Amino acid sequence: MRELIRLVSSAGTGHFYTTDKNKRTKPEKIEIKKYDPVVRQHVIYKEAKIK
RNA sequence: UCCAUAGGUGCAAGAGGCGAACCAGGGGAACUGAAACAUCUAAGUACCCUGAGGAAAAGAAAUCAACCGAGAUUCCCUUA
RNA sequence: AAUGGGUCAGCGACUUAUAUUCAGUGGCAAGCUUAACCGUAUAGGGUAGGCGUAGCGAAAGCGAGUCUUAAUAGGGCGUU
RNA sequence: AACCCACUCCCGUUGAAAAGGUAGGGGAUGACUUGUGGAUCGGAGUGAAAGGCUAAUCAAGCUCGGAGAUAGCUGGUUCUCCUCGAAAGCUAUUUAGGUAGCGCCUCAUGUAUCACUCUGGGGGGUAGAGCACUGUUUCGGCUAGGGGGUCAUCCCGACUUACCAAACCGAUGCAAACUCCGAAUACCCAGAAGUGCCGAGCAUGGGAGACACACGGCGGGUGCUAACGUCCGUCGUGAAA
RNA sequence: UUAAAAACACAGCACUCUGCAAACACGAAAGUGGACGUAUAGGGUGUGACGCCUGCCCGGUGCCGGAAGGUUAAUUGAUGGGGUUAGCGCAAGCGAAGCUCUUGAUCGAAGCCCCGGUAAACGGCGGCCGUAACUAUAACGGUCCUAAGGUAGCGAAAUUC
RNA sequence: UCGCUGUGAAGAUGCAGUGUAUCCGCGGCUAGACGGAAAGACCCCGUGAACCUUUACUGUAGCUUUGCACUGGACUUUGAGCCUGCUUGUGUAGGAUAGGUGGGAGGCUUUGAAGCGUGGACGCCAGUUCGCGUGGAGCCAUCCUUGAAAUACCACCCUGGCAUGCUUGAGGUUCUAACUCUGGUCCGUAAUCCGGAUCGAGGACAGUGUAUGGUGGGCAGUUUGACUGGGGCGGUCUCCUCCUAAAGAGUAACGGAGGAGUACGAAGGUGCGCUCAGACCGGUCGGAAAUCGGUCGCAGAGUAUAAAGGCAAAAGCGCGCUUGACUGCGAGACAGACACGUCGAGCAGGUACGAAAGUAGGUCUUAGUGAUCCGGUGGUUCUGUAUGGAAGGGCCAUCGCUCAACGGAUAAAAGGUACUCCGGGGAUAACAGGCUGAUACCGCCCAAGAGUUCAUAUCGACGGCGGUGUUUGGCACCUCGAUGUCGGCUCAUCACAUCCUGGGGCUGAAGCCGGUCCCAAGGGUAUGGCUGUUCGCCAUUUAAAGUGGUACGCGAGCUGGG
RNA sequence: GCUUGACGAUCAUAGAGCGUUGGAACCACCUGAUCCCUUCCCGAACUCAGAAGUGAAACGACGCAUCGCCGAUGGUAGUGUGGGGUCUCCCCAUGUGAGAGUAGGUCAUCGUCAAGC
Ligand SMILES: [Mg+2]
Ligand SMILES: [Mg+2]
Ligand SMILES: [Mg+2]
Ligand SMILES: [Mg+2]
Ligand SMILES: [Mg+2]
Ligand SMILES: [Mg+2]
Ligand SMILES: [Mg+2]
Ligand SMILES: [Mg+2]
Ligand SMILES: [Mg+2]
Ligand SMILES: [Mg+2]
Ligand SMILES: [Mg+2]
Ligand SMILES: [Mg+2]
Ligand SMILES: [Mg+2]
Ligand SMILES: [Mg+2]
Ligand SMILES: [Mg+2]
Ligand SMILES: [Mg+2]
Ligand SMILES: [Mg+2]
Ligand SMILES: [Mg+2]
Ligand SMILES: [Mg+2]
Ligand SMILES: [Mg+2]
Ligand SMILES: [Mg+2]
Ligand SMILES: [Mg+2]
Ligand SMILES: [Mg+2]
Ligand SMILES: [Mg+2]
Ligand SMILES: [Mg+2]
Ligand SMILES: [Mg+2]
Ligand SMILES: [Mg+2]
Ligand SMILES: [Mg+2]
Ligand SMILES: [Mg+2]
Ligand SMILES: [Mg+2]
Ligand SMILES: [Mg+2]
Ligand SMILES: [Mg+2]
Ligand SMILES: [Mg+2]
Ligand SMILES: [Mg+2]
Ligand SMILES: [Mg+2]
Ligand SMILES: [Mg+2]
Ligand SMILES: [Mg+2]
Ligand SMILES: [Mg+2]
Ligand SMILES: [Mg+2]
Ligand SMILES: [Mg+2]
Ligand SMILES: [Mg+2]
Ligand SMILES: [Mg+2]
Ligand SMILES: [Mg+2]
Ligand SMILES: [Mg+2]
Ligand SMILES: [Mg+2]
Ligand SMILES: [Mg+2]
Ligand SMILES: [Mg+2]
Ligand SMILES: [Mg+2]
Ligand SMILES: [Mg+2]
Ligand SMILES: [Mg+2]
Ligand SMILES: [Mg+2]
Ligand SMILES: [Mg+2]
Ligand SMILES: [Mg+2]
Ligand SMILES: [Mg+2]
Ligand SMILES: [Mg+2]
Ligand SMILES: [Mg+2]
Ligand SMILES: [Mg+2]
Ligand SMILES: [Mg+2]
Ligand SMILES: [Mg+2]
Ligand SMILES: [Mg+2]
Ligand SMILES: [Mg+2]
Ligand SMILES: [Mg+2]
Ligand SMILES: [Mg+2]
Ligand SMILES: [Mg+2]
Ligand SMILES: [Mg+2]
Ligand SMILES: [Mg+2]
Ligand SMILES: [Mg+2]
Ligand SMILES: [Mg+2]
Ligand SMILES: [Mg+2]
Ligand SMILES: [Mg+2]
Ligand SMILES: [Mg+2]
Ligand SMILES: [Mg+2]
Ligand SMILES: [Mg+2]
Ligand SMILES: [Mg+2]
Ligand SMILES: [Mg+2]
Ligand SMILES: [Mg+2]
Ligand SMILES: [Mg+2]
Ligand SMILES: [Mg+2]
Ligand SMILES: [Mg+2]
Ligand SMILES: [Mg+2]
Ligand SMILES: [Mg+2]
Ligand SMILES: [Mg+2]
Ligand SMILES: [Mg+2]
Ligand SMILES: [Mg+2]
Ligand SMILES: [Mg+2]
Ligand SMILES: [Mg+2]
Ligand SMILES: [Mg+2]
Ligand SMILES: [Mg+2]
Ligand SMILES: [Mg+2]
Ligand SMILES: [Mg+2]
Ligand SMILES: [Mg+2]
Ligand SMILES: [Mg+2]
Ligand SMILES: [Mg+2]
Ligand SMILES: [Mg+2]
Ligand SMILES: [Mg+2]
Ligand SMILES: [Mg+2]
Ligand SMILES: [Mg+2]
Ligand SMILES: [Mg+2]
Ligand SMILES: [Mg+2]
Ligand SMILES: [Mg+2]
Ligand SMILES: [Mg+2]
Ligand SMILES: [Mg+2]
Ligand SMILES: [Mg+2]
Ligand SMILES: [Mg+2]
Ligand SMILES: [Mg+2]
Ligand SMILES: [Mg+2]
Ligand SMILES: [Mg+2]
Ligand SMILES: [Mg+2]
Ligand SMILES: [Mg+2]
Ligand SMILES: [Mg+2]
Ligand SMILES: [Mg+2]
Ligand SMILES: [Mg+2]
Ligand SMILES: [Mg+2]
Ligand SMILES: [Mg+2]
Ligand SMILES: [Mg+2]
Ligand SMILES: [Mg+2]
Ligand SMILES: [Mg+2]
Ligand SMILES: [Mg+2]
Ligand SMILES: [Mg+2]
Ligand SMILES: [Mg+2]
Ligand SMILES: [Mg+2]
Ligand SMILES: [Mg+2]
Ligand SMILES: [Mg+2]
Ligand SMILES: [Mg+2]
Ligand SMILES: [Mg+2]
Ligand SMILES: [Mg+2]
Ligand SMILES: [Mg+2]
Ligand SMILES: [Mg+2]
Ligand SMILES: [Mg+2]
Ligand SMILES: [Mg+2]
Ligand SMILES: [Mg+2]
Ligand SMILES: [Mg+2]
Ligand SMILES: [Mg+2]
Ligand SMILES: [Mg+2]
Ligand SMILES: [Mg+2]
Ligand SMILES: [Mg+2]
Ligand SMILES: [Mg+2]
Ligand SMILES: [Mg+2]
Ligand SMILES: [Mg+2]
Ligand SMILES: [Mg+2]
Ligand SMILES: [Mg+2]
Ligand SMILES: [Mg+2]
Ligand SMILES: [Mg+2]
Ligand SMILES: [Mg+2]
Ligand SMILES: [Mg+2]
Ligand SMILES: [Mg+2]
Ligand SMILES: [Mg+2]
Ligand SMILES: [Mg+2]
Ligand SMILES: [Mg+2]
Ligand SMILES: [Mg+2]
Ligand SMILES: [Mg+2]
Ligand SMILES: [Mg+2]
Ligand SMILES: [Mg+2]
Ligand SMILES: [Mg+2]
Ligand SMILES: [Mg+2]
Ligand SMILES: [Mg+2]
Ligand SMILES: [Mg+2]
Ligand SMILES: [Mg+2]
Ligand SMILES: [Mg+2]
Ligand SMILES: [Mg+2]
Ligand SMILES: [Mg+2]
Ligand SMILES: [Mg+2]
Ligand SMILES: [Mg+2]
Ligand SMILES: [Mg+2]
Ligand SMILES: [Mg+2]
Ligand SMILES: [Mg+2]
Ligand SMILES: [Mg+2]
Ligand SMILES: [Mg+2]
Ligand SMILES: [Mg+2]
Ligand SMILES: [Mg+2]
Ligand SMILES: [Mg+2]
């Protein structure tokens with residue numbers, strides 16, 4: 001099925017977003033830009049683990 | 001069993017039993033409640049047993065406080 | 001043709017204590033009221049304590065404001 | 001025979017008797033019967049075993065305490081008058097004969113809306129109807145073709161449609177889960193006259209009860225368009241007249 | 001005190017435990033019974049004179065034996081990770097020793113897993129296709145499954161719709 | 001304190017209509033007063049009770065394993081540590097030797113006794129240490145070159161293991177002195193108890209305390225859902241779509257039909273661009289259907305997934321860029337018992353596509369879900385029990401539940417009761433009564449046909465219409481503070497849809513016998529074998545061995561076989 | 001007012017089909033692919049530079065009801081309220097009133113601006 005993952009901001013903040021992904025069809029990591037409330041810009045967010 | 005130990009008799013003093021409650025200890029339930037029931041509660045209650053007294057118990061900080069201080073134990077009213 | 005009563009006389013079922021909330025009726029009034037306890041013992045003392053006069057926030061805290069928030073924007077709660 | 005037992009019938013059943021009697025019946029020197037004294041008992045005793053017996057009490061004796069155990073369950077609840085006056089529904093529940101919030105009753109305070117009718121706006125997809133879609137039905141025609149035959153062609157041209165025939169044309173029915181259509185009523189909204197028992201509406205508090213409904217009419221499902229059957233909607237009555 | 005029997009007991013049979021301070025039972029324990037007995041004895045279990053007999057299955061569950069190897073308790077405390085602070089540092093922050101909070105290496109028996117026995121231990125003991133000079137049925141062949149597929153005797157029976 | 005027929009919480013002495021009837025005893029019989037007696041024992045219910053079972057849950061007595069204590073000496077085997085000279089150092093390569101550093105450039109203890117070997121050797125083996133057979137004798141030439149670091153040198157750590165020392169894990173043997181003896185003989189003592197003494201035996205075992213693993217219905221406290229045309233068995237329990245649903249919303253049934261417990265980093269955003277299915281004609285292998293060209297076509301295609309409602313600014317299809325599947329909010333509404341749920345303009349921050357107006361807070365919409373408690377992870381100008389910190393707590397973000405009985409009792413749970421018990425219920429079953437009449441039974445309508453011919457002497461297919469309450473059922477209105485249920489005996493009473501006897505019509509009625517229909521209820525209407533039987537089958541009779549109602553008549557009349 | 005373009009109003013009485021007609025301007029076809037821009041290939045479509053030719057096609061205007069679409073009057077069905085019957089269904093009084101069909105209509109009607117007279 002789809003497994004819960006965690007997107008950690010590339011800035012120094014500890015802010016993160018949560019989503020799910022199909023780890024069988026798409027094994028490679030996600031590199032997406034999302035708004036970071038602490039620093040107040042859009043920055044690269046990188047996939048990590050939820051556990 | 002050699003010494004002396006156990007043991008055996010004779011005297012003196014004391015104890016033993018009863019009593020409704022109160023006190024200090026030893027042992028210690030279940031119904032019930034949780035709208036079921038195991039942790040929990042009822043409750044260290046009911047009950048059983050042992051000591052003491054007119055009361056008993058506890059009592060004179062290896063105690064609390066908070067950088068200011070208080071000043072043995074027991075009981076009552078608050079903090080609640 | 002469901003229950004109860006053979007009849008009479010007597011007895012027989014919403015109570016009390018402590019904490020509270022609302023209403024009525026009184027005393028004081030930005031204040032009201034004492035508890036244990038003293039006592040000349042229903043008086044008088046005793047204002048420790050309780051409620052009210054300010055709220056918001058989980059809190060530090062700030063205060064007619066405060067919380068959320070980057071925001072004196074909006075919004076929640078509160079204020080003559 | 002005595003003595004110990006208890007197989008059968010009848011009587012008795014408010015008995016002479018809370019287990020007997022008259023007739024018959026079994027054992028009767030033995031694993032026999034019996035007197036006196038003694039031992040084992042309450043989750044314990046004893047039992048040639050029936051869950052039997054332990055003082056007329058036994059799938060756990062009696063008695064006194066915990067104790068006024070707990071009882072969403074039955075029963076009962078005592079003088080008088082006046083005003084108002086229900087519900088048997090929704091939701092949830094280890095819930096279904098209990099309880100909780102809401103709907104319905106009553107009292108108090110505050111506040112300004114409410115009902116009926118007329119006029120004017122609005123949406124709908126039901127009754128009815130229809131076949132334009134989806135299905136389903138009958139008749140006639142016209143057929144593409146399967147080819148029934150088939151001259152019978154090594155097997156091809158086809159002789160020809162005496163069987164079948166999609167599709168198309170016309171006529172003709174049906175539908176809770178079909179619709180090219182489409183009411184009456186009922187629902188919202190606004191503006192107005194009068195009536196309202198002097199109020200109707202709304203909000204906030206004090207107290208509840210009730211959450212087993214019944215029949216009759218109308219609209220339906222279920223049943224057999226059977227039931228004083230059962231389950232819904234909407235009125236009326238009973239409940240409480 | 002509604003059931004006297006086909007129910008219980010029984011003599012006989014079998015299995016199993018027990019070497020004596022016996023197994024076992026009643027007792028918080030002392031002790032007592034077993035028994036002032038001693039394996040021809042004592043306890044438990046099933047069957048139930050006598051006659052003829054008592055077939056197959058150790059896969060499950062139990063019991064007995066084995067001990068190699070896997071797991072496996074309290075116990076032990078290697079290692080790693082933090083808390084405090086003498087000292088250094090402008091600060092930020094680093095920081096020895098002590099005490100302290102965690103982590104858990106190593107050690108560790110029976111048991112269980114494993115291996116083998118045992119049914120008068122608790123238990124279990126089948127199907128489907130063809131095949132004979134009329135028909136019918138298969139002495140005979142295949143084939144699936146199992147731990148193994150009910151023997152001798154008896155049978156509309158205290159069992160048979 | 002009458003009968004009958006109706007009515008009626010549905011079987012009336014008491015109600016309605018009607019008929020009978022002076023008032024009161026005694027002896028008898030039991031049909032009724034749903035007669036008396038026992039708050040139904042059968043059935044269901046209660047978040048009731050007892051006792052029993054087990055591979056239900058959780059425990060526990062007993063039995064057993066190991067650590068520590070009581071508990072000691074010696075010897076031996078055996079693993080680790082520590083102490084010790086640290087000798088022991090032999091690969092391409094260096095005569096020879098490669099674990100390294102500091103003093104050091106040569107080594108003059110009998111130099112380094114030199115040339116081979118000699119006993120003990122080891123050995124990445126032909127190399128090295130230790131006595132040169134002779135004897136106090138000059139070779140290893142220090143980079144002599146090579147070798148990654150050169151010997152000889154004096155200190156500092158380590159390595160293959162020897163010899164011991166000091167511990168300490170495990171095993172075996174042995175001893176006596178702890179402990180044990182329900183063994184002997186002496187004493188207390190007049191004593192099979194018990195002590196003390198002494199012989200004998202066992203012996204640091206056994207046993208007991210404490211800690212811990214295994215086993216353990218021997219014993220204990222409990223659990224084991226609800227709905228339900230009675231309970232049980234079966235099925236269901238949360239969410240979405242349609243009908244039922246009566247043209248606003250909502251609306252039940254163990255009513256009729258289907259789906260869900262997901263998917264997608266592009267299947268999202270944006271800008272630009274474009275229209276399907278199908279048919280026919282023509283065209284190489286395919287030929288009905290591949291790709292192609294033309295005409296018609298208007299959505300009969302498509303939409304990630306059920307159905308319904310939608311879809312041209314297409315919401316369908318393709319391409320380029322991209323991350324708005326953004327953070328803080330949020331006027332106002334829809335729904336609604338609550339807890340939850342749904343839509344959303346607009347403002348502030350930063351973005352993405354477009355020239356721009358602009359669009360973007362996921363997907364055409366409606367299913368794809370689980371509260372609180374507890375525990376974990378990332379942050380935090382909060383708190384932090386004398387103080388400074390820390391532990392812990394609070395706040396924000398986020399993980400772990402077929403808790404599917406889906407508003408989820410507990411972290412943790414199955415059965416039997418005919419040995420049963422209590423509180424209740426005709427709120428709910430079995431018997432009888434009531435309603436109904438599908439079924440049952442009895443009539444009638446039509447007439448294909450059978451009857452040699454001939455529809456109706458006698459029958460009668462396919463179909464239709466009634467009657468009676470009379471079987472099997474449906475319902476659950478009465479009775480659970482009790483209305484005794486099959487069959488037999490005794491005694492009955494009524495109906496007529498008549499079995500015999502009586503009177504008739506037709507006949508496929510010669511007579512004697514029959515068949516069928518109409519009228520008729522006065523009187524009659526077997527005995528046995530089997531079986532508990534009603535019934536049925538048999539045997540033998542009779543004029544005939546009728547069918548039904550009466551609580552399937554009759555237990556305060558008998559019986560007790562079922 | 002007459003003709004042509006662009007944008008609207010309204011969505012078939014406005015559509016479809018058949019036929020006649022329009023080039024002075026406007027529009028359309030048209031020439032070429034050098035330059036911007038383009039084809040998952042093609043200047044086919046989009047785009048650019050135009051002025052030789054035509055009104056063939058497309059578009060517009062005008063006629064025709066064959067089809068499509070509208071559609072009365074009257075009657076019928078259903079239905080709110082009150083009352084009846086022989087009550088699974090109907091009738092009466094009062095108010096309301098379809099769908100289908102029939103007679104019959106339809107080859108639209110407007111607004112703003114710019115160009116030719
Ligand atoms: Mg005394
Ligand atoms: Mg308890
Ligand atoms: Mg309880
Ligand atoms: Mg309770
Ligand atoms: Mg209980
Ligand atoms: Mg307690
Ligand atoms: Mg105690
Ligand atoms: Mg005294
Ligand atoms: Mg003292
Ligand atoms: Mg003190
Ligand atoms: Mg001081
Ligand atoms: Mg003092
Ligand atoms: Mg009466
Ligand atoms: Mg009764
Ligand atoms: Mg009752
Ligand atoms: Mg009564
Ligand atoms: Mg009575
Ligand atoms: Mg006042
Ligand atoms: Mg504010
Ligand atoms: Mg405010
Ligand atoms: Mg006698
Ligand atoms: Mg006799
Ligand atoms: Mg006798
Ligand atoms: Mg006799
Ligand atoms: Mg005899
Ligand atoms: Mg005797
Ligand atoms: Mg006794
Ligand atoms: Mg007892
Ligand atoms: Mg029994
Ligand atoms: Mg007694
Ligand atoms: Mg007795
Ligand atoms: Mg109590
Ligand atoms: Mg009581
Ligand atoms: Mg009652
Ligand atoms: Mg009134
Ligand atoms: Mg719900
Ligand atoms: Mg109840
Ligand atoms: Mg109220
Ligand atoms: Mg209809
Ligand atoms: Mg149709
Ligand atoms: Mg046809
Ligand atoms: Mg319809
Ligand atoms: Mg008035
Ligand atoms: Mg209820
Ligand atoms: Mg309620
Ligand atoms: Mg109800
Ligand atoms: Mg009901
Ligand atoms: Mg109802
Ligand atoms: Mg009703
Ligand atoms: Mg009806
Ligand atoms: Mg109905
Ligand atoms: Mg009815
Ligand atoms: Mg009813
Ligand atoms: Mg009704
Ligand atoms: Mg009503
Ligand atoms: Mg009324
Ligand atoms: Mg009532
Ligand atoms: Mg009346
Ligand atoms: Mg006998
Ligand atoms: Mg007897
Ligand atoms: Mg017996
Ligand atoms: Mg034996
Ligand atoms: Mg036997
Ligand atoms: Mg036998
Ligand atoms: Mg084996
Ligand atoms: Mg075995
Ligand atoms: Mg073994
Ligand atoms: Mg440290
Ligand atoms: Mg190990
Ligand atoms: Mg082991
Ligand atoms: Mg064997
Ligand atoms: Mg056997
Ligand atoms: Mg045989
Ligand atoms: Mg047989
Ligand atoms: Mg026989
Ligand atoms: Mg059998
Ligand atoms: Mg009379
Ligand atoms: Mg009646
Ligand atoms: Mg009657
Ligand atoms: Mg009367
Ligand atoms: Mg009367
Ligand atoms: Mg009357
Ligand atoms: Mg009499
Ligand atoms: Mg009599
Ligand atoms: Mg009588
Ligand atoms: Mg009675
Ligand atoms: Mg009672
Ligand atoms: Mg009862
Ligand atoms: Mg029972
Ligand atoms: Mg329950
Ligand atoms: Mg309950
Ligand atoms: Mg002994
Ligand atoms: Mg002795
Ligand atoms: Mg000795
Ligand atoms: Mg030992
Ligand atoms: Mg030991
Ligand atoms: Mg021990
Ligand atoms: Mg031990
Ligand atoms: Mg048990
Ligand atoms: Mg038990
Ligand atoms: Mg257990
Ligand atoms: Mg037990
Ligand atoms: Mg209990
Ligand atoms: Mg229980
Ligand atoms: Mg439970
Ligand atoms: Mg139930
Ligand atoms: Mg049922
Ligand atoms: Mg029923
Ligand atoms: Mg079930
Ligand atoms: Mg509706
Ligand atoms: Mg409606
Ligand atoms: Mg309802
Ligand atoms: Mg489903
Ligand atoms: Mg899409
Ligand atoms: Mg659709
Ligand atoms: Mg478009
Ligand atoms: Mg609303
Ligand atoms: Mg831009
Ligand atoms: Mg912009
Ligand atoms: Mg919990
Ligand atoms: Mg501190
Ligand atoms: Mg903290
Ligand atoms: Mg539930
Ligand atoms: Mg639920
Ligand atoms: Mg629950
Ligand atoms: Mg039970
Ligand atoms: Mg009872
Ligand atoms: Mg009862
Ligand atoms: Mg009933
Ligand atoms: Mg019920
Ligand atoms: Mg009866
Ligand atoms: Mg009945
Ligand atoms: Mg009938
Ligand atoms: Mg014939
Ligand atoms: Mg009838
Ligand atoms: Mg009857
Ligand atoms: Mg009912
Ligand atoms: Mg009755
Ligand atoms: Mg009853
Ligand atoms: Mg009664
Ligand atoms: Mg009776
Ligand atoms: Mg008779
Ligand atoms: Mg009669
Ligand atoms: Mg007759
Ligand atoms: Mg007849
Ligand atoms: Mg007759
Ligand atoms: Mg006759
Ligand atoms: Mg005749
Ligand atoms: Mg007759
Ligand atoms: Mg007769
Ligand atoms: Mg007669
Ligand atoms: Mg007569
Ligand atoms: Mg006569
Ligand atoms: Mg007879
Ligand atoms: Mg007979
Ligand atoms: Mg018989
Ligand atoms: Mg009769
Ligand atoms: Mg009758
Ligand atoms: Mg009958
Ligand atoms: Mg009867
Ligand atoms: Mg009869
Ligand atoms: Mg009788
Ligand atoms: Mg009888
Ligand atoms: Mg009798
Ligand atoms: Mg009677
Ligand atoms: Mg009698
Ligand atoms: Mg009997
Ligand atoms: Mg008998
Ligand atoms: Mg009209
Ligand atoms: Mg019309
Ligand atoms: Mg029309």
Side-chain angles (χ1 to χ4, degrees):
Chain A
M1 293 177 70
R2 279 174 94 78
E3 270 187 67
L4 301 184
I5 63 152
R6 190 203 266 200
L7 310 176
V8 185
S9 85
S10 62
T13 66
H15 189 254
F16 62 90
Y17 287 88
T18 43
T19 178
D20 64 4
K21 78 176 297 186
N22 202 3
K23 292 181 181 179
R24 214 177 38 81
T25 284
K26 317 286 186 80
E28 59 90 22
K29 299 294 186 291
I30 301 184
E31 294 293 328
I32 201 178
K33 291 174 71 175
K34 292 183 148 302
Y35 180 84
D36 195 18
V38 176
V39 303
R40 294 179 66 189
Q41 294 82 17
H42 281 84
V43 293
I44 301 297
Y45 273 70
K46 297 185 293 295
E47 158 172 343
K49 294 93 178 173
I50 207 62
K51 197 64 67 72

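Heavy atoms only: backbone and side chains are in, while hydrogens, waters and symmetry mates are out. Each chain gets a letter, A, B and so on, in the order its sequence line appears, and its residues count up from 1.
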#### Entry: Derivation of the side-chain contact (heavy atoms from CB on, under 4.5 Å) call for A:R40 and A:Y35
CA-CA 7 Å; A:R40 294 179 66 189; A:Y35 180 84; 3.6 Å; yes
I'd like to know if [M] pairs with [N], where a pair means Watson-Crick or G-U wobble geometry with both distances below 3.5 Å.
N      : M      : result
F:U471 : F:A149 : no
F:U359 : F:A352 : yes
F:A551 : F:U385 : no
F:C272 : F:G209 : no

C1'-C2'-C3'-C4' based pucker assignment for [N]:
N     : result
D:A67 : south
G:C37 : north
C:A1  : south
D:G52 : north

How long is the line joining [atom1] of [X] and [atom2] of [N], in whole Å?
X     : N      : atom1 : atom2 : value
A:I50 : F:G378 : CD1   : P     : 12 Å
A:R6  : F:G376 : CZ    : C1'   : 12 Å
A:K49 : F:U398 : NZ    : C1'   : 17 Å
A:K46 : F:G378 : NZ    : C1'   : 15 Å
A:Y45 : F:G324 : OH    : P     : 11 Å

N/O-N/O pairs, protein side and nucleotides 347-350 of chain F side, under 3.5 Å:
| residue | atom | partner | partner atom | Å |
| --- | --- | --- | --- | --- |
| F:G349 | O3' | A:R40 | NH2 | 3.4 |
| F:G349 | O2' | A:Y35 | OH | 3.3 |
| F:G349 | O2' | A:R40 | NE | 3.3 |
| F:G349 | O2' | A:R40 | NH2 | 3.3 |
| F:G350 | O2' | A:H42 | ND1 | 3.0 |

### Greater than 12 external heavy atoms within 6.0 Å of A:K29's NZ
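No.
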### Message
Any strand counts, and the cut-off is 3.5 Å on both contacts for Watson-Crick or G-U wobble. Which nucleotide pairs with F:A495?
### Response
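Base partner found: F:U547.
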### Message
Could you tell me the Watson-Crick or G-U partner of F:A80, where both distances fall under 3.5 Å? Say none if there is no partner.
### Response
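Base-paired to F:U167.
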## Note on the structure
In B/S/- notation (B base, S sugar-phosphate only, - none; protein heavy atoms under 4.0 Å), nucleotides 261-266 of chain F written 5' to 3' is -SSBBS
### Query
Looking at A:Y17, does the NZ or CZ of A:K34 lie under 6.0 angstrom from its six-membered ring centre and within 45 degrees of the ring axis?
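Output yes; distance and angle both within limits.
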### Task
Anything below 3.5 Å on both distances counts as a pair; with that, list the stems of at least three consecutive Watson-Crick or G-U pairs involving RNA chain G.
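So far as stems of 3 or more pairs are concerned, RNA chain G shows G:1-8 with G:110-117, G:17-22 with G:59-64, G:27-29 with G:53-55, G:30-33 with G:47-50, G:68-70 with G:104-106, G:78-85 with G:89-96.
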